[PDB]
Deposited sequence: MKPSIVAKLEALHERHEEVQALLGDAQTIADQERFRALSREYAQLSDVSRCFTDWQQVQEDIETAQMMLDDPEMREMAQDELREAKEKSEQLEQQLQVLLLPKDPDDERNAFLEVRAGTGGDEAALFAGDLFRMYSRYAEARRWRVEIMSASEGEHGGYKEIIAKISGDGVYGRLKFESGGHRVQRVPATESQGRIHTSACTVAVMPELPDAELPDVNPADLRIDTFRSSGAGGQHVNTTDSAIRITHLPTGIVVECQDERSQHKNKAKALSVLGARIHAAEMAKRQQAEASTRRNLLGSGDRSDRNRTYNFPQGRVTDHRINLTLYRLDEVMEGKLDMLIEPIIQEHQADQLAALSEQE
């Protein structure tokens, strides 16, 4: 008697729209026609709860960036060089997953662990339905393992952070770059130009205003890293007017215990005895649930 309110509006709007679609019409008959393609599934159901498991129409809480590609970075925090080492594991796990389903994973900045890991590491994953599928992976990830740099066998608790921004069509970017930003160099110093030649170029960009910081480095042209950096600043900016919006799935999200081999999403009280599987690239026995879950939340 409350939600039905909705239908008796759609079923109404659809009827309404299915009409205009039969009059002399050109131009953006696209926008309107497409709406029809939408109101058609939602409508075809209502016109049955009436003509009759009454599949509760979940066809209502729309989404946006879901299909857009995505940037993902892993940061090292708690724990010694132990943590950065898990930054590696985590990052593999993702890329091992992004491949299993043919996504374009491309790094754009790496921070060699002070002893074999990554302080940072940020890939540019690509394929359909990316963001809406790894977003939940944002937050904090904690490991409890027994280091190879330890024989007495006592577990060591270290942790990593994970940001999962969205891929904005750089052909949409707000040209947020007059002089309101400071483009710097990684070179703690140097003569530059002819005097020296390194194997790869590293740029850095700071947003004077909001203060955002982005940087990149690879074997390619500076021109490219920079422009590459401009695209990440943007994704980092749009990552503000999203975190602005106030169970809204570092904040311990999961914990990976190896002596037990379990993984646990604190966020939905789910623990699976399948760490092996999750570390090799099987992030669906996790993303799927936190997804249906984040679903029901919306179904209210």
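Unmodelled segments of the deposited chain, in sequence order: 1 to 6, 59 to 93, 288 to 293, 297 to 303, 355 to 360.
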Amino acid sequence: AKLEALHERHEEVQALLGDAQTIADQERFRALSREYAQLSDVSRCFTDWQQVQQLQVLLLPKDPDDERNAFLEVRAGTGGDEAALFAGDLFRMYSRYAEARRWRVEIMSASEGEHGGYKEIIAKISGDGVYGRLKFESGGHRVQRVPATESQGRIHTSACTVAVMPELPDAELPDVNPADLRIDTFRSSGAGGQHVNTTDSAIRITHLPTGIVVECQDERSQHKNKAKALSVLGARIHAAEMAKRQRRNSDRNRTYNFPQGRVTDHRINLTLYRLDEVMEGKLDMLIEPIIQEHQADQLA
From here on, numbers count along this sequence of modelled residues.
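Mean CA temperature factor is higher for 179 to 187 when stretches 179 to 187 and 120 to 128 are set side by side in the entry. In this entry, 188 to 196 has the higher mean Cα B-factor, the comparison being between 188 to 196 and 154 to 162. Within the group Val263, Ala243, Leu233, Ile268, the record's highest C-alpha temperature factor is found at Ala243. Comparing the C-alpha B-factors of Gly80, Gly88, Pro174, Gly139 in the entry, the top value falls on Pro174.
Sort the modelled residues of the chain by CA B factor and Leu16 lands in the middle third. Per the deposited record, the Cα B-factor of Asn253 falls in the middle third when ranked against the other modelled residues of its chain. Compared with the other modelled residues of the chain, the Cα B-factor recorded for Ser109 ranks in the middle third. Looking at the C-alpha B-factors along this chain, the one for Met279 belongs to the lowest third. Annotation for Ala76: CA B-factor lies in the middle third of the chain's modelled residues.
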